[PDB]
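Positions of Cβ are backbone-derived with ideal geometry, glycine not excepted, and every protein chain shown enters the neighbour counts. Values in this text are rule-based calculations from the coordinates and carry no lab data.
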RNA sequence: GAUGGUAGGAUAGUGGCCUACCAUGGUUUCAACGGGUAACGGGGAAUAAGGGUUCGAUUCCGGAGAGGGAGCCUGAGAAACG
RNA sequence: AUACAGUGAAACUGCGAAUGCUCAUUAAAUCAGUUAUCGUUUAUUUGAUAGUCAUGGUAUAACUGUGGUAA
């Protein structure tokens, strides 16, 4: 319960209060033209 | 190594921690009821005569 | 009573866990237990990804609670039955105990915490902080982490109060005897000078008395607060897929140091020189064993066939086999195969097996004796693995002199795989523990250029003022400790605590003469001597061992001092500055603060009957003391794994007391050595044995004695011992027709009674001939072993043998 | 059979070849070396009771077929100045590598090699007494 | 051991309960034996139905188990199974 | 009350603790009835009942203290 108390602390905005205590990437690799895509994949 | 040494006439039982290897290896290989001197262990135990009575292992 | 908290506390914890660093807190107060778990929850809620486990280290007690869950549950159930609580009550502390993950650990079991990573550690007992312990835990705490020390003691409370009220003054009560925790005082002050530590009390009212009293919260709202190692992570990385069988494992490789160390090993694989070692000097855990795993991965994917693993002991071959990536076969397990599946660990004494082997890896070379080191640096290919900046082993200069007596490129691993580089706790720890040894390499005295021994001076150190944390004194301390580490071969981290706090221990500096201008510049040592007063003056070592080896109540009543350390450098080993210092110290014995540097004059020593040096036996230091003036006293029998040399102690007395029981001991010990040859040092060098026996001969033929001399043997006892047929066969092999076995039957006692001074004066054959006699009759080794010992590939051995036994025959 | 014995993941195994006189025992031992360094883990330790023909025992590398060419002092691997036709580099050379390019030997009187060994190849161990 | 004898061990005690030594028997169409029985069955067992047509209420079921075979232990009484 | 006697925790000792739910179905078996025990056992109940050193030795628990072990 992060915003609420647990243990004995509750955390404010900052001030914590305490208690008292391959073809796949080949296709989707988008800086490649399809020409050399199929060329490489053929080889 | 901790030693509970008692002297029963005074009822004086006191423990001692020893940091070496040699004095305890001197007391090694013994059974309960025997005797071992105090000169082989302690410069302040010369003339002392100590009888085994028991013990506890490390566990 | 929902009170506020000072910004320093959560600010520090958040900043640490977003800078991947470690913080440290010390709690004074009555409890500290209730204030712990607030910190732990706070640290997770600072970050949800970091590791959870907390390590708790204690000496022998536990603060008001116990660990066994059955015990705690039974107690609390019975408390409900006795009606002292409510049914569903659990305080924050006991909640923390029974909810988190704890590894409890003693102090003495400090070696079961090596490879693990913990999110927090707790040190409960402050007055027993071994440096070795503290090195353990702090090194093993993961980044984004907390180290917390509990300080329940009014004693340390008054100590710190006094130190804060006056840095220069202190608080020392002799209710403890003569033992005071100066190392802990230095600890506290350096912690005061830490840049991200905090001193705090119960209820977290932070004390500004010490520590990083003013941290500011970073604005961590950014993605570019990113170290250069992150910035130049692999960016030209050949991580593509058409073929990348080692690119996969390089992508598995974590730091850039790991990556280009792997580049070093692949360049070595390409390199085809034969006599070659590929050297890694690493910090500890920084990817050394990880690089070992990638090295074995690459060298079974592409290397010869496989590699022999060599280690002085089975260390974490656990992780070395835990490097994985399915049992081995000819199937697609290759990049996982080049790992655990060939479990064949071997013993590093099989150096000829290693010479045959295709590739051999050596790990932690610092625990290997140098002959074994060269025998593994035969003409073949080795990966050397060692830890610089490191406990339990070598140093930087020691490894460099190792490779120089050896011999190629070295690589050093630095970037910690866990926490962020440039770490404040890591740096502060290196400073306090004093392992930053680079003082040899400094440009003032990088060379060996030093003055001449005509004027050198001993200075006794007020070690209290030395260990008082004052920056110039501190500076002097790392200088001398760098000398210390370079002087020894292997070192332990508790030793600093040892000479800081041991009452009977003293240190001395052979120093160049004072600069006559003002004496404001730093003195720079030439040698450092570490001794300890030992004996009936009281140190458990010397009179004990003498009493064991010989019954000497006189020796029990005696009192003297033991030299533990001679401290020079290989740059200064040219001439004998240590011999200068030895002569000087022997002359001294037998002839608003306290000052940082005390002259030798204003401190009368006690009455020292004897001086004895304790050391692992070697030719150089044996020769050094032998040229110096110490009696060979005792040699052990079993060379340990680490040093590889039997321990050995020298003594020397020169006072108005003409001792001569030392001479009696010398005669006994020469006789004992004569017994012990061919028993445990059955196989060691004859010239070394020769040096030892003649040093003993010097010792028992020192001055001030006349009954210690040998008397001539009797021909009556000669014929009592021998047989006339043996004498006949002596003359027959003198006629040179018989067998050397038929003379070796009676050779050894001829050596025995020969090596008495009666035959020593009667016939003088102290040369290579006597070496051969010592080897064949008392080292009892092969004529072939003697031949290759003397490096004479012919029957020169039997030539000198025939000469000397001929001399015996005309004696008979 | 012996490569099956090699593929057996046991630690201990004894592979024995009792051959008559004149059947190529040296060929068998060199084939054992080539097999159990090509697929074997690390390397093999070779023991003979004498300075036997271990040079040719390593020379059976890719030759040693129908024409074996066992020669006294004319043979090309026996000649020191040689190119053994199967040289090593960063190449796929493995079966042409597990041989005369790595000539190594063990004296049978230094039996600690074969007391901590992993794989050994033994010429003529029948003459060896039983405890050793 | 099916029937019996004689002797002994065993049991608190007889008795083939058990062992030796023996005799060679017993049950049976008057159907032994065997099979099924829904044998949550039946017992005037049980108070009854102070007038429901037979119906109520109670009591005995019978045995075994207390992770599972095996063995032991006290007490007057356990083959106790906390 | 100068032995104690009120009261009383820890413990010795005496006795009880042999009057719990689940699972399996037998037609002289069980159950009901009726015997016998000149053939047996019995803590308990009640009733009888034994002429054959002004006081002998022990021990513990508890307590005290010292310890071990994660327990």
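Residue pairs whose Cβ atoms lie under 6 Å apart, separated by 6 or more positions or on different chains, with the first residue in region B:36-59 and under 16 Å from residue B:16 (Cβ atoms) and away from every other protein chain (no Cβ under 13 Å) and the second within 16 Å of RNA strand F (Cβ to nearest atom) and assigned to a loop (DSSP other than H, G, I, E, B), are B:52/B:32.
Write out, first by first residue and then by second, each pair whose Cβ atoms fall under 6 Å of each other, whose residues are 6+ apart or on separate chains, and whose first residue, in region C:205-223, is farther than 23 Å from residue A:19 by Cα while the second is part of a loop (DSSP other than H, G, I, E, B). Partner pairs satisfying both residue conditions: C:212/C:195; C:212/C:196.
Taken over region C:1-24, the criterion of being over 14 Å from residue C:40 (Cα atoms), away from chain A (no Cβ under 12 Å) and outside any helix (DSSP H, G or I) is satisfied by C:20, C:21. Within region C:788-803, the set of residues being under 27 Å from residue C:679 (Cβ atoms), surrounded by fewer than 18 Cβ atoms within 10 Å (Cβ to Cβ) and in contact with a helix residue (DSSP H, G or I) (Cβ under 8 Å, 6 or more places away or on another chain) comprises C:790, C:798. The residue that is surrounded by the fewest Cβ atoms within 10 Å (Cβ to Cβ), counting only those in region B:1-35 that are more than 14 Å from RNA strand F (Cβ to nearest atom) and under 13 Å from residue B:54 (Cβ atoms), is B:31.
Residue-wise test of (1) surrounded by fewer than 15 Cβ atoms within 10 Å (Cβ to Cβ); (2) away from RNA strand F (no atom under 15 Å from the Cβ); (3) within 40 Å of the chain's Cα centre (by Cα); (4) within 14 Å of another protein chain (Cβ to nearest Cβ).
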| site | (1), (2), (3), (4) |
| --- | --- |
| C:68 | yes, no, yes, no |
| C:92 | no, yes, no, yes |
| C:109 | yes, no, yes, yes |
| C:114 | no, yes, yes, no |
| C:118 | no, yes, yes, no |
| C:130 | no, yes, yes, yes |
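To keep it simple, each residue is scored yes or no on (1) more than 14 Å from chain C (Cβ to nearest Cβ); (2) within 25 Å of residue C:300 (Cα to Cα); (3) in contact with a helix residue (DSSP H, G or I) (Cβ under 6 Å, 6 or more places away or on another chain).
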| residue | (1), (2), (3) |
| --- | --- |
| D:6 | no, yes, yes |
| D:34 | no, yes, no |
| D:72 | yes, no, no |
| D:77 | yes, no, yes |
| D:83 | yes, no, no |
| D:92 | no, yes, no |
| D:101 | no, yes, no |
| D:110 | no, no, no |
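Set side by side, the residues C:284, C:337 differ, and just one is farther than 21 Å from residue D:97 by Cβ and assigned to a loop (DSSP other than H, G, I, E, B), which is C:284.
State yes or no: is residue C:730 part of a helix (DSSP H, G or I), surrounded by 16 or more Cβ atoms within 10 Å (Cβ to Cβ) and more than 51 Å from the chain's Cα centre (by Cα)? Here the answer is yes, as residue C:730 does meet what is asked. Scanning region C:45-66 for residues that are away from RNA strand F (no atom under 16 Å from the Cβ) and part of a loop (DSSP other than H, G, I, E, B) returns C:47, C:48, C:49, C:50, C:51, C:52, C:53. State the number of residues belonging to region C:48-57 that are away from chain A (no Cβ under 11 Å) and out of contact with any strand residue (DSSP E or B) (no Cβ under 6 Å at 6 or more places or on another chain). Of the residues in that region, 1 qualify.
Going by the conditions given, is residue C:347 surrounded by fewer than 16 Cβ atoms within 10 Å (Cβ to Cβ), more than 32 Å from the chain's Cα centre (by Cα) and farther than 24 Å from residue D:88 by Cβ? Criteria not met by residue C:347. Could you list, in sequence order, all residues of region C:663-682 that are closer than 23 Å to residue C:789 by Cα and in contact with a helix residue (DSSP H, G or I) (Cβ under 9 Å, 6 or more places away or on another chain)? If the condition is that a residue be closer than 23 Å to residue C:789 by Cα and in contact with a helix residue (DSSP H, G or I) (Cβ under 9 Å, 6 or more places away or on another chain), then C:673, C:674, C:677, C:678, C:681 are the ones that fit. Inside region C:619-642, residues that are in contact with a helix residue (DSSP H, G or I) (Cβ under 9 Å, 6 or more places away or on another chain) and closer than 20 Å to residue C:372 by Cβ make up a count of 4.
The set of residues in region A:1-26 being more than 7 Å from chain C (Cβ to nearest Cβ), over 30 Å from residue C:35 (Cβ atoms) and exposed (fewer than 13 other Cβ atoms within 10 Å of the Cβ) consists of A:23, A:24. Residue A:40 falls short on exactly one of the conditions (1) under 30 Å from residue C:245 (Cβ atoms); (2) under 28 Å from the mean Cα position of the chain (by Cα); (3) within 9 Å of another protein chain (Cβ to nearest Cβ), and that condition is (2).
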